[PDB]
2 protein chains.
Amino acid sequence: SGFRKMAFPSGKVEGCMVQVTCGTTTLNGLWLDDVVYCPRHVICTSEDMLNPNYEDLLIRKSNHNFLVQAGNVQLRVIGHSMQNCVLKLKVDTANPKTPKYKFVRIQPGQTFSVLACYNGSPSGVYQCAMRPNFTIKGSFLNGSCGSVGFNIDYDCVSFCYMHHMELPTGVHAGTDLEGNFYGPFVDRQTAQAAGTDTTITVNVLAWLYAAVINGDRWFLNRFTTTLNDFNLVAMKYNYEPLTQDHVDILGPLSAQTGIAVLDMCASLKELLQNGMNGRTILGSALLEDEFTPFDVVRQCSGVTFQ
Amino acid sequence: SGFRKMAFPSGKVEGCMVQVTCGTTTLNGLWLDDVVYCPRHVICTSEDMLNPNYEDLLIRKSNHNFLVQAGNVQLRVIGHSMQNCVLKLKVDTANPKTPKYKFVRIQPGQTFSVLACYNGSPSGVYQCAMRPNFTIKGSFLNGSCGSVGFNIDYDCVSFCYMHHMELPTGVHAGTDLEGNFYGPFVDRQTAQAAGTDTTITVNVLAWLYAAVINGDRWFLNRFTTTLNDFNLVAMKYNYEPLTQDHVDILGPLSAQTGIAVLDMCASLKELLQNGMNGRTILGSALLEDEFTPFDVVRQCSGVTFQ
Ligand SMILES: *C(=N)[C@@H](NC(=O)[C@@H]1[C@@H]2[C@H](CN1C(=O)[C@@H](NC(=O)C(F)(F)F)C(C)(C)C)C2(C)C)c1cncc(F)c1
Ligand SMILES: *C(=N)[C@@H](NC(=O)[C@@H]1[C@@H]2[C@H](CN1C(=O)[C@@H](NC(=O)C(F)(F)F)C(C)(C)C)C2(C)C)c1cncc(F)c1
């Protein structure tokens, strides 16, 4: 038992982290086979970042302008190209630690592990959700750009996120590994801002089920509600709509606990309207929305990776 | 910026996790050099666990009674011995992935990363604190025994915890890697229970400093307090005493924020007496005590590992 904001074991990703230097800018790259992926803004000077023409900026670069450090071993860059907002640095060595991997783009509301990295050196790992507004509430300091987010299914690393920037509210924006930003963010120095977020309702419900599985039951009730009536409450508390597909996805957790999804919705409704009256759920005094139903099943049933 | 309950990158530990089977019991072992460490209760049957004489139980075992699975490669056990509550299985192969490591015993209030494991396969990683009552609020399912807790300093893994059991409140008890339990727990089936816990005051203060560093300032005030007057409040809210050494340890965070430690204590005092009035700190509506000052400095300054 117990419930922790659990990340995937990071080893498979640690073996792909490299340091990419261009000019005075050092950031992280992801070394898979003979390509190193990194944020294209690595090529930018401070003033470049004001209004960069990346095609212009990149045509003025050479392979030798990119230093790739894989631990204490330099990789020779033999090609460079831009794919959307990522750079692809072709190197003369295939990473012998390349895991089986996929480049997947995730949905807001889904979770992933982040291996926060500095100078190509992994610093820590933690679990994030993609917010409905396509930001992530990460933990990133200067030099963290190019750190990647990922999930692991058995032995395959699904890379879904690479860090590009911190928005003014302290939240983070980045791309998938094809270089396409999550959300309406750009890798230049605009006044861009996160914009309004919502709470991930299906995840809160999942987490309430995790709570029940772990013996927190005080928020349960005999009440039930209809999906429409719940969604009327969800909307008022800035929760996103619950769909029938969310209900279906919660089926296994509902079956395991014997609490009908709509009964849990009634509990959530009460929690939203009454708050928690000084009590806690799974050690939180807030409704937690960064665990998916999958995360709950994984942690309250016990799947591993290899 | 941002603040996440961050674990160390787990790769170095992942390479040490093996599966140990004895009889029908399968659990995790830690494979370092040519020794596999695992909970000694691996040798126990269900009825053995009632009142086990481990010396008797172990003398009746042979090397061939221990199957060690390192991934999909079996390790040949060539020796076994008991060290307190851990078994040391000597195997004929030194783990080629053995990191530089130490066996350290931590203090209540200190934190570590847990690589939760099943059948020798790492499942997830998360950050724990050793509670004042020597339990940890982990996330462990059946088969997690032998999963280890650790910290990483540059390239050296300091193993500090190996999981042995879940107590009735859903918290977890285990040993250091010399096999000595943390706290007054035993690897047998008694009615043992966690016993009373306290909140780790210096950690809460550290986390308040992390909050300030991250722009949460609403809980600040011009007030100050004396250490004795703060500790009078701490005691009443079941917080553990703040020592001058804690104050000293908070020095760097105090210098970085310009908030005197005793001023932060005054803020904590107000938070304890008034609660938080619907506001949050670093995304929590509770005072968080599982970040040490070190964890805060590490995450709000940016140290890596290699
Ligand atoms: C990564 N090493 C670092 N981030 C950057 O260098 C990004 C890159 C350049 C500037 N930048 C920012 O994150 C900035 N944000 C913005 O300009 C924004 F508000 F998002 F529009 C700063 C650092 C000024 C907040 C790009 C926008 C392409 C970095 C990443 N994460 C956290 C950090 F503290 C630093
Ligand atoms: C690990 N694979 C599993 N834990 C055990 O097998 C421990 C070992 C045997 C029984 N045990 C327990 O954790 C039990 N606890 C107690 O007897 C206690 F309350 F602590 F006294 C059970 C599982 C009945 C709660 C030892 C006590 C030596 C395990 C570990 N962590 C979580 C799990 F769900 C299971």
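Going by Swiss-Prot, the residues shown for chain B are 3264-3569, listed in order.
Structure determined by X-ray crystallography, 1.8 Å.
Note: Cβ is positioned from N, Cα and C throughout, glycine not excepted.
Here Swiss-Prot flags B:3264-3569 as domain 'Peptidase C30'. Per Swiss-Prot, the feature ubiquitin cross-link maps to B:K3268, B:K3353; the stated evidence is experimental evidence. Residues or ranges marked as active site, for 3CL-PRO activity in Swiss-Prot (evidence: sequence analysis): B:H3304. Sequence annotations record features per position, and here Swiss-Prot assigns active site, nucleophile to B:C3408 based on experimental evidence.
When the recorded positions B:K3268, B:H3304, B:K3353 are compared by the number of other C-beta atoms lying within 10 angstroms of their own C-beta, B:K3353 comes out lowest. Rounded to a whole number, the distance between the Cα atoms of the residue listed as 'active site, nucleophile' and B:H3304 (active site, for 3CL-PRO activity) is 9 Å. Between the alpha carbons (Cα) of B:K3268 (ubiquitin cross-link) and the residue listed as 'active site, nucleophile' lies a span of roughly 23 Å.
Residues from the recorded positions list (B:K3268, B:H3304, B:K3353, B:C3408) with a C-beta closer than 6 Å to any atom of ligand 2: B:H3304, B:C3408. B:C3408 (active site, nucleophile) sits 19 Å from B:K3353 (ubiquitin cross-link), counting Cα to Cα. Using a cut-off of under 8 A between C-beta atoms, the recorded positions B:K3268, B:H3304, B:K3353, B:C3408 that neighbour chain A are B:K3268. In this view, the residue listed as 'active site, nucleophile' is surrounded by 26 other Cβ atoms within 10 Å of its Cβ, with every protein chain counted.
Taken residue by residue with DSSP, B:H3304 (active site, for 3CL-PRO activity) is part of a helix.
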